[PDB]
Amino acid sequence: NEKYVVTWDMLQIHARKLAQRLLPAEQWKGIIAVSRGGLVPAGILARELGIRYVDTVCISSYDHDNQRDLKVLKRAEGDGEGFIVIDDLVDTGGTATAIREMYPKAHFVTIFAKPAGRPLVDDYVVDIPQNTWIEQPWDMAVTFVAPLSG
């Protein structure tokens, strides 16, 4: 239940561990970033793997009565063969399920995985408990905080 704080430095350390596992870079046609969470990790992977072909898939949700379903705003074409598909984390994997099904032949990776989402991805770096909230660095700032005493 204590939030897990992810600094930019640490995110890049984890992403570089993933990149090393994705060598040799020549096996890949490109990277598909899951917007928005995957954008930064994609940037790091593309740099480390020397990959210039980077595209995106953009999904959002909408409610109708008591239900909630996913909408595709934009997608890279194809079934993902030869691609890495990257998101920042998988939690329960609702979006990851949709993404898997659009790109069934991609290698689908995240930085973080919680237990209920873990089966949906092909690789990930860091295990996080289901009840832990992951605070990513694009959601944070270096900000004054009062001292613990006085």
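One-based numbering along the sequence shown.
Q: Check the entry's C-alpha temperature factors for 36 to 44 and 49 to 57, then say which stretch has the higher mean.
A: Mean B over CA atoms: larger for 49 to 57.
Q: Comparing 90 to 98 with 59 to 67, which stretch shows the greater average C-alpha B-factor in the deposited entry?
A: Mean B over CA atoms: larger for 59 to 67.
Q: Hey, what third does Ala113 fall into on Cα B-factor, ranked over its chain?
A: Within its chain, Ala113 is a lowest-third residue by C-alpha B-factor, going by the deposited values.
Q: Mind checking which third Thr7 falls in for C-alpha B-factor across the chain?
A: Lowest third of the chain for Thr7's C-alpha B-factor.
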